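Student: Can you keep this structure in mind? I'll have questions shortly.
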Amino acid sequence: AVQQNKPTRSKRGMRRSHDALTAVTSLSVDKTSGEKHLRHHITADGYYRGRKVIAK
Amino acid sequence: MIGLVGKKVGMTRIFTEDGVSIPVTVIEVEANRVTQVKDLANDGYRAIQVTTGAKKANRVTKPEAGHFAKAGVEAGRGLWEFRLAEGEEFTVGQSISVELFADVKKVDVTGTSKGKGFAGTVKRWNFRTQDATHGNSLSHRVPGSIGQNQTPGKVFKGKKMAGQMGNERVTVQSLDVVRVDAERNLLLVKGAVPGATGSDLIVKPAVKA
Amino acid sequence: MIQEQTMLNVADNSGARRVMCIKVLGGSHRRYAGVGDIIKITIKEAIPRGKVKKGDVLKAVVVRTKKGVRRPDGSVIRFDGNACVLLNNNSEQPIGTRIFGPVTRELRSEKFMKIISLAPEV
Amino acid sequence: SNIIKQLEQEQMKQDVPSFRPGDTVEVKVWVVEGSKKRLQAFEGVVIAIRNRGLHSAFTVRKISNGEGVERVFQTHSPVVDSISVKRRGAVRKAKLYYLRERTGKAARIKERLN
Amino acid sequence: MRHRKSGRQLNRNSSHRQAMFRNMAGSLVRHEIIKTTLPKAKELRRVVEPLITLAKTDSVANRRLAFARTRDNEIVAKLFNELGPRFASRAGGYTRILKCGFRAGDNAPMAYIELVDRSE
RNA sequence: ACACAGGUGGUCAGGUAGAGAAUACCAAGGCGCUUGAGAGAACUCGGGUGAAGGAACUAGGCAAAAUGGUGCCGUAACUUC
RNA sequence: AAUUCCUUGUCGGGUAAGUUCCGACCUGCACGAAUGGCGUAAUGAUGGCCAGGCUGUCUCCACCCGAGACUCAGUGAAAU
RNA sequence: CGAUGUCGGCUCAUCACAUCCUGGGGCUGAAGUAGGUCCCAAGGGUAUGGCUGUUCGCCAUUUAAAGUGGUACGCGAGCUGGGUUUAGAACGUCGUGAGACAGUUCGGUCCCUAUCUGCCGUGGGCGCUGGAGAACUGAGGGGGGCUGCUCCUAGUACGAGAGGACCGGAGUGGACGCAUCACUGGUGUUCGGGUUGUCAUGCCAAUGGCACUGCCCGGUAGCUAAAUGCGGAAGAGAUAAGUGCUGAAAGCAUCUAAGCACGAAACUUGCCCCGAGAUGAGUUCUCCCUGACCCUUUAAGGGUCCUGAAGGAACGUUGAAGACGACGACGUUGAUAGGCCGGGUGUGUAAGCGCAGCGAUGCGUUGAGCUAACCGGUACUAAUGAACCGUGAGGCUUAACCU
C-alpha cells in the first residue's frame, strides 16, 4: 500500500469541471394535447408528432 | 506545381504484352470547379481555390455559404486552396480538367488512412512481442524497458510506444501514369491508393522531376 | 519457404534425396532462397553411387520447389519436391555429368556457363 | 461512372472457352522470353474454378503423381496463342480438393455409370 | 474489432440469441401487443416480418412455419386464414415498436410493439 | 465466522445406444440459480480453425500434436521358458 | 567410473561443429570384497544419449469464439 | 546490517570511438589482383549455429561489417532459473567421530487492486479584446541515408606468364518502414454441403433441437500477408580533413595575410507528416447583430425594462469513425437502417408427386427449393414541431481623408 496522506480536496474539488453526468437534458410540450414529454418520445396522452397513436 | 481532386471508382489489372498483369487504380476526375483565382498577389503570394463536390444544404452554415457564392449556387466542403509560384495561370474563374496530367509521367497521391482505433504499441509501431513459450506471464504485448535502468529518472518524448493508429493524413510518394482521357473524366494509374470515403485523394505531378 | 534448416533433394545426377540448407548467401541482409538462387548446404544422406560423404558442407543452386515461382512474368508456376544442384568446394560448378528436371526459364540465362549448356527443357 | 467496366471489356478477348472444374484442356503460350518468341504447348486437367470476367486464373494440374505440378494460365493474357477444350468428367462437385491428396490413377475426374 | 459485424450479441448461449425471440413470437401471435426492453423488441422484429412474407405464399407438404417450435395449436387456425392475407397488400413493415425511454429509474429502455393491422 | 464456484457414510437405477453404474440425448421427478439493462475496445486468460518451412525452440521435445478403437494378416535380438 | 581436479582428457563412431553419449587407454591427485566386490534378464507417472514419428516448441504466429476490463442502475471493502 | 537479490543467456538496447564496415584522405620494406599500415567524418550501419548453464574456450558456416570501451563486470514492481547457494542422502578425499574438501551428483522456493516524478492518446477548458466558421503560414519536433548485382571505363594499365585493377557514368534487386484487397493463399461460432448418436412432434414421412459450430468437408463480406507494391533522389550552396593558384609580412623563401578555384556518404537547401500555449498568440477570406434610460471618490464597473442575429449544443436513422468521450455520411425538403418488389451472387436439383430396382440406391417433375454482409427500384416501421445556449455593430490612444 502507498499514499502520501490523502488526495488533496483541491484536486477532488476540480474533478467536476469535466462531465460525468447521466440524466435527460430537456423536456418539451405537445401541440395536440398540451402534455409534457421527451423529444422523439410519445406523451402520457397517447399523442406524438401531430397524430393520435392510441386511445387513453 | 498544384494538383487535382477526383473520386476512386475501383482497382483492376490491365494485362500487358510483357506477361505481367500491371495492377491499376481507376479515378474519375471531374473538372475542378475553380471558386477563386488569386493572381493579384495579396500579402505577397498567389493562389487558386480548385474546388470539387458540394455539401448538403441542411449542413452548410452561412459563414461557409458566402465563401462559395461568388462562383456558383452550390457550396461547402472541399474548397482546396493551392499556392502559385513560378507559373502563370489564367486570371479569371475557369474550371481545370484532368488534361493537366496529359504531359506528366510520374505522380503522388495524399489522403486519409482507415480508422484503426486504440491500436497499442504492437499494432502502431509493428513491434516484436515477447515469447510465451518457456514461461513469461501477464504481459507479452509490451515493448520492454522504456528507459535505460536507474540513472534516467525519466522517459524521453515521442518514443515508439503507445498511441492510436489510422484516421490521419498519409502520402504514397510514387505512381506511374498509364492513361488520361479528359472527355471521359478518366485518370488511370499503376498502383493502389490509401483510405476509402474519409480519403480525399489529392493527386500531384512529381516535383522531384 | 526455403530457409535455414530446410530439407531438399539432389538434382545433380544419381544423387541423394536428403540435403539441408544452412546459409542463404549474397548479403544485403536478404532472407530465404528462390529458384535459381545459390545457398550453403550440408549433406544429410549418403548413397553407394554418391560423390559426397554424410556431414560434408558445400554450395548448392536451387532448381525446383513445391512453392514454385510467380514474379518474372507475373503468373504462378509450381513443381514437385524441393531440389538443388551441388557444387565442388575447391573448383565450383556441378559435380556429376547431368542435372535432373526441366528447371525455370530464368535459370537458362543465369550466371553459370556449365548449367545453361546442359539438356534441361526450359 | 462506368469507364472501369468498359476498360475490362477492351482487355478481355472477343471469344474464350467456358470451361469448369472436371474439364481437360490443351494450351499454347509464347512465354515472353526473347527474340525467337518461341511457342510452348501443354495438356492437363482443371479442378480449380475458372471463375469469371478478366481475372480468371485458369489453374491447371497434370494429375499423374502425388504432386499436381500446378500452373496458372490466365485466359485473357496476351502471352496465350491457343486455348482448346478436350473432354469433360462425370463429377458434379466443383470444390474437388480431395483429389489434391491422391495420385493421377485415383483422380480420373469420375466416370460414375448411372 | 467491428468492420462488417453488427448483429446484436445479447445472450451468453449462441442459440439463446434467437430462442428468446422464437419463444416470444408465439406470445406476439397470441396477444398482438408485447411489453419488453427496446433491444429485445428490435430483435423480436428481426426475421419475423420475413416469416409473414413466407406466410404470404402457397406451401406444399409443409405447415412448419411457427409450428416446428413452441407447440401452439391456435396458429394453424390464424395462418393462411387471416395471418398473411391481412399483411400481403401493404408492401413491408408488419410491426410498429412504439419506442420509449427508461421504464421508471433503472437503465432499461421500454418498447410497446404491436402487430400493425390491429384495430381499436 | 458468510443464505460460500468447498466437503460429507450408506440406500435406489427406467428408454436409445454403449463393455458400462461411462457419456449424450430423454423418462419419473426437480431446477433456470436472492442482481438487472446493455455495449461488444487496448490487454490477460480459457477455447475454435489453419498455408509453406520444421526441435533450428529451450539448459531441456517441457508443453503441445499426431499415434489410439474392433477384427485379420504379420512380427527381430534375448530369456529366469 | 554416479569415484578423476589435471582436460577442451586421449583415440574411434555419432553431430555441419559432440565439456553432454557410448566403446576403449592407465599415467587410479583419491576403485576393491556383506559400512558387500563385479556382473544381470523382465521393468520404470526415470538422470543422460541416438535414430525414427508428428507437432503453433520454433521460423512467425494470423484469423476466429468466450469472460473480465466498460456505459448505466441497485448495492458495496482493507492495508495505506 | 530498524534491509544493498546472484552467474551466463534471452529481452531491450543505450551512449561513445583510442573507427569493425561503409564515405573520404595518405603510405607500404605495395608491380596489378593480394598481404602489412598511418587517420579525417560519429553522418549511415555493425552474425547465426555446435559442445557447455557458461563469461572464457575450442569448433561448423556467413556478412560491406561481427572490432574497442562504459552502463549495479548494464537490464528481476523484466524473462529463464540451466549454473552458484541450505532443508534427504549416493560415490571420492581428511578424521576415531561431530565436523572438514574453492569435490562430483538426483531432486529442490522467482506470487503484487498504480499514490506521487515521467510519457502517450482522447475529450474538456482558459487565454487571446464584438461574436462565429473555414482554409493558410512556420518559431518548434520526428522520419530517411549505408551494402549487393548487371552493364560501361577494360581484358585498358601493370604483369615473360599466372593473372588483372582506379575515377567521374547508366540501370536495378533486397534491407527498412508503411500502403493496397485487383487478385493469390489462410481464417471466417450471422452461410452451405456430407454424416455418427439421440430427442420430440401419436406413428411413419418430413423438420427442428442437443452432443466443441457434435464431427468431417468446406465458405461470402470482413480480417489477415505469404498476396503486389513503393521511397528518403538529383542539382546547387557552403566547407572540416585534404589537394593547389597567385602572393605579402621578409632584395631571398612560404599552402595564408589580402585576391581566389577545387575539395564528402553527411551538412545547408531539398522530399513528407505534425506544428500559434510562437500568451512572439501570425496571413487571408466568409457570416451576423442598427433598442432605450439610469448609478458610482463615473475613461472602468454595475442595474432596469425591451429585444435575441451569425453560430453552438440538445433530439435522431447509421457507420470502411470508435474503450468511453469525440467524429464522417444522413433526418419526411427522405432510399440512412429494417421491411417489401424484382434480379444478382452463394447453396446445388429439396419436399410432395410420378417412375426404374429385390433393396441400399437412382431417375423425371427441376438450371428445384433455399439464400450472410449486393443492387435496380420502393416510405410500409423509424430518421420532429418547439424550447435551451449565443445578443443588440463592440475599449483607450495617435497617425491619415472628408465634413
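Following the order of the C-alpha cells, chains are lettered A, B, ..., residues in each are numbered from 1, and ligands are numbered from 1.
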If the cut-off is 9 Å, can you tell me the residues of chain A near chain G, counting only C-alpha atoms (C1' of nucleotides)? I'd like them as a JSON list (two decimals) with C-alpha atoms, in the first residue's frame.
Tutor:
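Saved file result.json follows:
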[["chain", "number", "residue", "atom", "x", "y", "z"],
["A", 1, "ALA", "CA", 0.00, 0.00, 0.00],
["A", 2, "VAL", "CA", 1.29, 3.53, -0.88],
["A", 3, "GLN", "CA", -0.30, 7.00, -0.37],
["A", 4, "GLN", "CA", 1.06, 10.47, 0.58],
["A", 5, "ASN", "CA", -1.55, 11.44, 3.26],
["A", 22, "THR", "CA", -26.17, 10.80, -16.88]]
Student: Hey, what's within 10 Å of residue 17 (chain F) if we count only C-alpha atoms (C1' of nucleotides) and toss same-chain stuff fewer than 5 positions away? As a PDB file with N, CA and C atoms (P, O5', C5', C4', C3', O3' and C1' of nucleotides), in the first residue's frame, please?
Tutor:
ATOM      1  P     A F  24     -21.242 -35.577 -21.422  1.00  0.00           P
ATOM      2  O5'   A F  24     -22.455 -35.812 -22.421  1.00  0.00           O
ATOM      3  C5'   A F  24     -22.439 -35.339 -23.758  1.00  0.00           C
ATOM      4  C4'   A F  24     -23.662 -35.859 -24.510  1.00  0.00           C
ATOM      5  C3'   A F  24     -25.014 -35.448 -23.930  1.00  0.00           C
ATOM      6  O3'   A F  24     -25.369 -34.086 -24.127  1.00  0.00           O
ATOM      7  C1'   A F  24     -25.023 -37.692 -24.761  1.00  0.00           C
TER       8        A F  24
ATOM      9  P     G H 197     -25.267 -44.370 -36.292  1.00  0.00           P
ATOM     10  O5'   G H 197     -25.600 -43.639 -34.920  1.00  0.00           O
ATOM     11  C5'   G H 197     -24.948 -44.052 -33.723  1.00  0.00           C
ATOM     12  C4'   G H 197     -25.266 -43.111 -32.552  1.00  0.00           C
ATOM     13  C3'   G H 197     -26.737 -42.931 -32.186  1.00  0.00           C
ATOM     14  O3'   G H 197     -27.376 -44.074 -31.622  1.00  0.00           O
ATOM     15  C1'   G H 197     -25.531 -40.898 -31.941  1.00  0.00           C
ATOM     16  P     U H 198     -28.967 -44.172 -31.604  1.00  0.00           P
ATOM     17  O5'   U H 198     -29.534 -42.922 -30.797  1.00  0.00           O
ATOM     18  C5'   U H 198     -29.379 -42.797 -29.392  1.00  0.00           C
ATOM     19  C4'   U H 198     -29.875 -41.431 -28.901  1.00  0.00           C
ATOM     20  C3'   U H 198     -31.378 -41.181 -29.083  1.00  0.00           C
ATOM     21  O3'   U H 198     -32.195 -41.718 -28.048  1.00  0.00           O
ATOM     22  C1'   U H 198     -30.079 -39.282 -29.772  1.00  0.00           C
TER      23        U H 198
END
Student: Would you kindly return, as a count of residues only, each protein, DNA or RNA residue with an atom no farther than 9 Å from any atom of region 107-113 of chain E, considering only C-alpha atoms (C1' of nucleotides) and excluding same-chain residues fewer than 5 positions away?
Tutor: 26
Student: Fewer than 5 positions away in the same chain doesn't count, so skip those; otherwise give me all residues within 10 Å of residue 65 (chain F), counting only C-alpha atoms (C1' of nucleotides), as a PyMOL selection string.
Tutor: chain G and resi 54-56
Student: Generate a file of the selected residues that holds C-alpha atoms (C1' of nucleotides), formatted as a PDB file, in the first residue's frame.
Tutor:
ATOM      1  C1'   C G  54       4.347 -35.894 -35.546  1.00  0.00           C
ATOM      2  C1'   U G  55       3.555 -31.295 -33.795  1.00  0.00           C
ATOM      3  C1'   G G  56       1.842 -23.379 -33.012  1.00  0.00           C
TER       4        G G  56
END
Student: For the interface of chain C with chain F (cut-off 10 Å, counting only C-alpha atoms (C1' of nucleotides)), please tabulate each contacting residue of chain C alongside its nearest pair of atoms and their separation in Å to one decimal, rows sorted by chain and increasing number, as JSON lines.
Tutor:
{"residue": "C:1", "atom": "CA", "partner": "F:53", "partner_atom": "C1'", "distance": 5.1}
{"residue": "C:2", "atom": "CA", "partner": "F:53", "partner_atom": "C1'", "distance": 6.8}
{"residue": "C:3", "atom": "CA", "partner": "F:53", "partner_atom": "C1'", "distance": 7.0}
{"residue": "C:4", "atom": "CA", "partner": "F:56", "partner_atom": "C1'", "distance": 7.7}
{"residue": "C:5", "atom": "CA", "partner": "F:56", "partner_atom": "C1'", "distance": 6.2}
{"residue": "C:6", "atom": "CA", "partner": "F:53", "partner_atom": "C1'", "distance": 6.7}
{"residue": "C:7", "atom": "CA", "partner": "F:53", "partner_atom": "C1'", "distance": 9.1}
{"residue": "C:22", "atom": "CA", "partner": "F:56", "partner_atom": "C1'", "distance": 9.9}
{"residue": "C:66", "atom": "CA", "partner": "F:52", "partner_atom": "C1'", "distance": 8.9}
{"residue": "C:67", "atom": "CA", "partner": "F:52", "partner_atom": "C1'", "distance": 7.2}
Student: Work out how far CA of residue 1 (chain B) is from CA of residue 41 (chain B), in Å to one decimal.
Tutor: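 Value for the CA of residue 41 (chain B)-CA of residue 1 (chain B) distance: 16.7 Å.
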Student: Tell me, which residues of region 50-102 of chain C carry DSSP strand (DSSP E), written as a ChimeraX atom specification?
Tutor: /C:57-64,83-87
Student: Write the residues of the selection above to a file with N, CA, C and O atoms, as an mmCIF file, in the first residue's frame.
Tutor:
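Saved result, again_39.cif, follows:
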data_model
loop_
_atom_site.group_PDB
_atom_site.id
_atom_site.type_symbol
_atom_site.label_atom_id
_atom_site.label_comp_id
_atom_site.auth_asym_id
_atom_site.auth_seq_id
_atom_site.Cartn_x
_atom_site.Cartn_y
_atom_site.Cartn_z
ATOM 1 N N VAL C 57 29.946 -30.148 -46.003
ATOM 2 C CA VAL C 57 29.377 -28.797 -46.154
ATOM 3 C C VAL C 57 29.885 -28.142 -47.441
ATOM 4 O O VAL C 57 31.096 -28.014 -47.659
ATOM 5 N N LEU C 58 28.934 -27.756 -48.298
ATOM 6 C CA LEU C 58 29.118 -27.344 -49.697
ATOM 7 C C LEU C 58 28.254 -26.112 -50.062
ATOM 8 O O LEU C 58 27.482 -25.605 -49.248
ATOM 9 N N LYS C 59 28.325 -25.694 -51.327
ATOM 10 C CA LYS C 59 27.402 -24.782 -52.025
ATOM 11 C C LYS C 59 26.428 -25.587 -52.891
ATOM 12 O O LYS C 59 26.798 -26.618 -53.456
ATOM 13 N N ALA C 60 25.217 -25.069 -53.065
ATOM 14 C CA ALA C 60 24.217 -25.626 -53.971
ATOM 15 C C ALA C 60 23.342 -24.540 -54.613
ATOM 16 O O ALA C 60 23.125 -23.491 -54.013
ATOM 17 N N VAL C 61 22.793 -24.808 -55.801
ATOM 18 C CA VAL C 61 21.846 -23.921 -56.513
ATOM 19 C C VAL C 61 20.460 -24.565 -56.525
ATOM 20 O O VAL C 61 20.331 -25.731 -56.899
ATOM 21 N N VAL C 62 19.417 -23.833 -56.131
ATOM 22 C CA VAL C 62 18.029 -24.335 -56.080
ATOM 23 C C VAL C 62 17.439 -24.399 -57.494
ATOM 24 O O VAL C 62 17.492 -23.413 -58.224
ATOM 25 N N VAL C 63 16.858 -25.539 -57.886
ATOM 26 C CA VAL C 63 16.318 -25.778 -59.248
ATOM 27 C C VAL C 63 14.839 -26.191 -59.314
ATOM 28 O O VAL C 63 14.256 -26.192 -60.400
ATOM 29 N N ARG C 64 14.212 -26.542 -58.183
ATOM 30 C CA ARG C 64 12.800 -26.959 -58.111
ATOM 31 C C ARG C 64 12.229 -26.688 -56.718
ATOM 32 O O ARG C 64 12.938 -26.923 -55.742
ATOM 33 N N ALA C 83 14.341 -29.178 -54.730
ATOM 34 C CA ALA C 83 15.581 -29.743 -55.280
ATOM 35 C C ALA C 83 16.705 -28.725 -55.535
ATOM 36 O O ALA C 83 16.452 -27.564 -55.873
ATOM 37 N N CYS C 84 17.958 -29.185 -55.444
ATOM 38 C CA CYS C 84 19.164 -28.377 -55.673
ATOM 39 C C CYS C 84 20.330 -29.146 -56.333
ATOM 40 O O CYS C 84 20.435 -30.367 -56.227
ATOM 41 N N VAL C 85 21.240 -28.427 -56.997
ATOM 42 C CA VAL C 85 22.449 -28.958 -57.656
ATOM 43 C C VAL C 85 23.683 -28.622 -56.813
ATOM 44 O O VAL C 85 23.892 -27.453 -56.498
ATOM 45 N N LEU C 86 24.498 -29.625 -56.464
ATOM 46 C CA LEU C 86 25.696 -29.482 -55.619
ATOM 47 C C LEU C 86 26.908 -28.977 -56.420
ATOM 48 O O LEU C 86 27.132 -29.435 -57.539
ATOM 49 N N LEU C 87 27.726 -28.100 -55.824
ATOM 50 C CA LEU C 87 28.952 -27.546 -56.420
ATOM 51 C C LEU C 87 30.219 -28.009 -55.675
ATOM 52 O O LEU C 87 30.226 -28.112 -54.447
#
Student: Between H:80, H:33, H:6, H:105, which has the minimum distance to residue 47 (chain G) (counting only C-alpha atoms (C1' of nucleotides))?
Tutor: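 Closest residue, counting only C-alpha atoms (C1' of nucleotides): H:105.
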Student: Counting only C-alpha atoms (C1' of nucleotides), which residues from chain H have an atom at most 10 Å from any atom of chain B, and could you show them as a PDB file with C-alpha atoms (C1' of nucleotides), in the first residue's frame?
Tutor:
ATOM      1  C1'   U H  11      14.694  -9.465 -23.906  1.00  0.00           C
ATOM      2  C1'   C H  12      15.605  -4.002 -24.524  1.00  0.00           C
ATOM      3  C1'   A H  13      19.202  -1.685 -26.263  1.00  0.00           C
ATOM      4  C1'   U H  14      21.794   2.761 -24.993  1.00  0.00           C
ATOM      5  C1'   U H  71      26.131   1.251 -18.143  1.00  0.00           C
ATOM      6  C1'   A H  72      24.776  -2.390 -10.064  1.00  0.00           C
ATOM      7  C1'   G H  74      24.194  -2.988 -17.865  1.00  0.00           C
ATOM      8  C1'   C H  75      18.673  -4.770 -17.624  1.00  0.00           C
ATOM      9  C1'   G H  78      11.813  -7.840 -16.758  1.00  0.00           C
ATOM     10  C1'   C H  79      12.089 -13.167 -18.749  1.00  0.00           C
ATOM     11  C1'   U H  80      14.734 -18.021 -17.910  1.00  0.00           C
ATOM     12  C1'   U H 117       8.007  12.282 -10.583  1.00  0.00           C
ATOM     13  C1'   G H 118       7.792  10.637 -16.367  1.00  0.00           C
ATOM     14  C1'   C H 119       5.405   9.622 -21.259  1.00  0.00           C
ATOM     15  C1'   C H 120       1.409   8.698 -24.890  1.00  0.00           C
ATOM     16  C1'   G H 121      -3.609   9.143 -26.658  1.00  0.00           C
ATOM     17  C1'   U H 122      -8.519  11.445 -26.287  1.00  0.00           C
ATOM     18  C1'   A H 132     -18.560  32.695 -35.328  1.00  0.00           C
ATOM     19  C1'   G H 133     -16.521  29.416 -39.034  1.00  0.00           C
ATOM     20  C1'   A H 134     -13.377  27.610 -42.992  1.00  0.00           C
ATOM     21  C1'   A H 135      -8.730  27.420 -45.411  1.00  0.00           C
ATOM     22  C1'   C H 136      -3.483  29.186 -44.968  1.00  0.00           C
ATOM     23  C1'   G H 141       9.548  18.463 -33.489  1.00  0.00           C
ATOM     24  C1'   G H 142      10.230  13.401 -35.995  1.00  0.00           C
ATOM     25  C1'   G H 177       9.019   1.133 -42.589  1.00  0.00           C
ATOM     26  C1'   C H 178       4.375   1.527 -44.392  1.00  0.00           C
ATOM     27  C1'   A H 179       0.111   1.394 -48.163  1.00  0.00           C
ATOM     28  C1'   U H 180      -3.414  -1.882 -51.143  1.00  0.00           C
ATOM     29  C1'   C H 181      -7.659  -6.477 -51.314  1.00  0.00           C
ATOM     30  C1'   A H 182      -7.293  -6.206 -58.265  1.00  0.00           C
ATOM     31  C1'   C H 183      -6.224 -10.822 -57.423  1.00  0.00           C
ATOM     32  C1'   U H 228       1.655  -6.850 -55.199  1.00  0.00           C
ATOM     33  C1'   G H 229       3.508  -2.630 -54.208  1.00  0.00           C
ATOM     34  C1'   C H 230       6.592   1.832 -53.028  1.00  0.00           C
ATOM     35  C1'   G H 231      10.774   5.734 -51.079  1.00  0.00           C
ATOM     36  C1'   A H 233      16.959  11.190 -55.019  1.00  0.00           C
ATOM     37  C1'   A H 234      19.092  14.920 -58.225  1.00  0.00           C
ATOM     38  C1'   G H 270      15.582  19.701 -50.854  1.00  0.00           C
ATOM     39  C1'   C H 271      11.112  15.129 -50.019  1.00  0.00           C
ATOM     40  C1'   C H 272       6.949  14.164 -46.154  1.00  0.00           C
ATOM     41  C1'   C H 273       3.954  14.018 -41.666  1.00  0.00           C
ATOM     42  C1'   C H 274       2.915  17.261 -37.301  1.00  0.00           C
ATOM     43  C1'   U H 283      -1.584  35.568 -43.096  1.00  0.00           C
ATOM     44  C1'   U H 284      -6.389  35.629 -45.815  1.00  0.00           C
ATOM     45  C1'   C H 285     -11.307  35.025 -46.705  1.00  0.00           C
ATOM     46  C1'   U H 286     -16.504  34.154 -45.371  1.00  0.00           C
ATOM     47  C1'   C H 287     -21.389  35.030 -41.935  1.00  0.00           C
ATOM     48  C1'   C H 288     -24.191  38.280 -38.428  1.00  0.00           C
ATOM     49  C1'   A H 310     -24.336  34.656 -37.267  1.00  0.00           C
ATOM     50  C1'   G H 311     -23.068  30.379 -34.593  1.00  0.00           C
ATOM     51  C1'   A H 320     -14.577   1.399 -44.460  1.00  0.00           C
ATOM     52  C1'   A H 321     -15.121   6.795 -37.167  1.00  0.00           C
ATOM     53  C1'   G H 322     -14.934   4.383 -32.054  1.00  0.00           C
ATOM     54  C1'   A H 323     -12.957   1.957 -24.972  1.00  0.00           C
ATOM     55  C1'   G H 328     -17.800  11.278 -41.469  1.00  0.00           C
ATOM     56  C1'   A H 329     -22.397  10.012 -44.058  1.00  0.00           C
ATOM     57  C1'   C H 330     -27.716  11.042 -43.264  1.00  0.00           C
ATOM     58  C1'   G H 331     -33.113  13.137 -40.875  1.00  0.00           C
ATOM     59  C1'   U H 333     -37.386  19.207 -48.117  1.00  0.00           C
TER      60        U H 333
END
Student: So which residues touch residue 13 (chain E) within 12 Å, counting only C-alpha atoms (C1' of nucleotides), skipping near sequence neighbours fewer than 6 positions away, as a ChimeraX atom specification?
Tutor: /E:19-20 /G:65-66 /H:189
Student: When you get a sec, could you note down which chain D residues fall within 12 Å of chain C, using only C-alpha atoms, as JSON, numbers by chain?
Tutor: {"D": [30, 31, 32, 33, 34, 38, 39, 40, 55, 56, 57, 58, 59, 60, 61, 62, 63, 64, 65, 66, 67, 68, 69, 70, 71, 72, 73, 74, 75, 77, 78, 79]}
Student: Show me, as a PDB file with N, CA, C and O atoms, in the first residue's frame, the residues that have an atom within 9 Å of residue 3 (chain D) when counting only C-alpha atoms (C1' of nucleotides), minus same-chain residues fewer than 2 positions from it.
Tutor:
ATOM      1  N   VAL B   9     -13.134   4.889 -58.269  1.00  0.00           N
ATOM      2  CA  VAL B   9     -14.221   4.004 -58.741  1.00  0.00           C
ATOM      3  C   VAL B   9     -13.865   2.511 -58.652  1.00  0.00           C
ATOM      4  O   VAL B   9     -14.759   1.680 -58.472  1.00  0.00           O
ATOM      5  N   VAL B  26      -8.368   3.103 -60.864  1.00  0.00           N
ATOM      6  CA  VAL B  26      -9.199   3.964 -61.708  1.00  0.00           C
ATOM      7  C   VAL B  26      -9.810   5.076 -60.859  1.00  0.00           C
ATOM      8  O   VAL B  26     -10.498   4.815 -59.865  1.00  0.00           O
ATOM      9  N   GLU B  28     -12.041   8.790 -61.323  1.00  0.00           N
ATOM     10  CA  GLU B  28     -12.838   9.680 -62.160  1.00  0.00           C
ATOM     11  C   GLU B  28     -12.642  11.111 -61.650  1.00  0.00           C
ATOM     12  O   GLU B  28     -13.033  11.460 -60.533  1.00  0.00           O
ATOM     13  N   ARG B 184     -13.694  11.772 -71.000  1.00  0.00           N
ATOM     14  CA  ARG B 184     -14.298  10.703 -70.180  1.00  0.00           C
ATOM     15  C   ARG B 184     -14.055  10.874 -68.676  1.00  0.00           C
ATOM     16  O   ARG B 184     -14.386   9.978 -67.896  1.00  0.00           O
ATOM     17  N   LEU B 186     -11.314  10.536 -67.187  1.00  0.00           N
ATOM     18  CA  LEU B 186     -10.521   9.360 -66.804  1.00  0.00           C
ATOM     19  C   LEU B 186      -9.083   9.703 -66.382  1.00  0.00           C
ATOM     20  O   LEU B 186      -8.328  10.289 -67.160  1.00  0.00           O
TER      21      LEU B 186
ATOM     22  N   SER D   1     -20.468   6.550 -62.788  1.00  0.00           N
ATOM     23  CA  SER D   1     -19.270   6.184 -63.553  1.00  0.00           C
ATOM     24  C   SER D   1     -19.323   4.729 -64.013  1.00  0.00           C
ATOM     25  O   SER D   1     -19.647   3.837 -63.225  1.00  0.00           O
ATOM     26  N   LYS D   5     -15.698  -0.672 -66.337  1.00  0.00           N
ATOM     27  CA  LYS D   5     -16.350  -1.854 -66.929  1.00  0.00           C
ATOM     28  C   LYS D   5     -16.097  -1.929 -68.433  1.00  0.00           C
ATOM     29  O   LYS D   5     -15.923  -3.022 -68.970  1.00  0.00           O
ATOM     30  N   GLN D   6     -15.976  -0.777 -69.091  1.00  0.00           N
ATOM     31  CA  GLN D   6     -15.551  -0.700 -70.492  1.00  0.00           C
ATOM     32  C   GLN D   6     -14.047  -0.978 -70.643  1.00  0.00           C
ATOM     33  O   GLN D   6     -13.649  -1.593 -71.631  1.00  0.00           O
ATOM     34  N   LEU D   7     -13.215  -0.583 -69.668  1.00  0.00           N
ATOM     35  CA  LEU D   7     -11.778  -0.878 -69.646  1.00  0.00           C
ATOM     36  C   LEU D   7     -11.492  -2.384 -69.502  1.00  0.00           C
ATOM     37  O   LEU D   7     -10.671  -2.914 -70.244  1.00  0.00           O
ATOM     38  N   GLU D   8     -12.193  -3.102 -68.620  1.00  0.00           N
ATOM     39  CA  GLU D   8     -12.069  -4.570 -68.562  1.00  0.00           C
ATOM     40  C   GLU D   8     -12.586  -5.237 -69.857  1.00  0.00           C
ATOM     41  O   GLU D   8     -12.004  -6.221 -70.315  1.00  0.00           O
TER      42      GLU D   8
END
Student: Here is a test: counting only C-alpha atoms (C1' of nucleotides), which residue of H:369, H:108, H:348, H:168 is nearest to chain D?
Tutor: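 Once distances to chain D are computed over only C-alpha atoms (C1' of nucleotides), the minimum belongs to H:348.
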Student: Contacts between chain A and chain H, please, where a residue of chain H counts if it comes within 9 Å (with only C-alpha atoms (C1' of nucleotides)); show its shortest atom pair and distance in Å to one decimal, rows by chain and ascending number, as a tab-separated table.
Tutor:
residue	atom	partner	partner_atom	distance
H:115	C1'	A:3	CA	4.3
H:116	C1'	A:4	CA	7.5
H:124	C1'	A:18	CA	6.0
H:125	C1'	A:17	CA	8.7
H:314	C1'	A:25	CA	7.0
H:315	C1'	A:39	CA	5.5
H:316	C1'	A:40	CA	8.0
H:384	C1'	A:49	CA	6.3
H:385	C1'	A:49	CA	7.1
H:386	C1'	A:28	CA	7.1
H:387	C1'	A:28	CA	6.6
H:388	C1'	A:26	CA	8.0
Student: Identify every residue of chain G that has at least one atom within 12 Å of any atom of chain B, counting only C-alpha atoms (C1' of nucleotides), and report the result as a ChimeraX atom specification.
Tutor: /G:56-58,60-61
Student: Within 9 Å of chain C, which residues of chain G are there when counting only C-alpha atoms (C1' of nucleotides)? Please give them as number ranges by chain.
Tutor: G: 15-16, 59
Student: Compile the residues of chain B that lie within 7 Å of chain D, evaluated using only C-alpha atoms, and express the compilation as a list in words.
Tutor: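 So the contacting residues turn out to be residues 14, 15, 16, 17, 18, 19 and 26 of chain B.
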Student: Please identify all residues of chain C having at least one atom at most 6 Å from any atom of chain H, considering only C-alpha atoms (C1' of nucleotides), and return them as a PyMOL selection string.
Tutor: chain C and resi 27-30
Student: I need the chosen residues saved as an mmCIF file, in the first residue's frame, with C-alpha atoms.
Tutor:
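Saved to selection07.cif:
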data_model
loop_
_atom_site.group_PDB
_atom_site.id
_atom_site.type_symbol
_atom_site.label_atom_id
_atom_site.label_comp_id
_atom_site.auth_asym_id
_atom_site.auth_seq_id
_atom_site.Cartn_x
_atom_site.Cartn_y
_atom_site.Cartn_z
ATOM 1 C CA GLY C 27 24.250 -10.359 -48.336
ATOM 2 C CA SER C 28 22.151 -7.126 -48.489
ATOM 3 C CA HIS C 29 20.508 -8.578 -45.293
ATOM 4 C CA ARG C 30 18.332 -10.841 -47.594
#
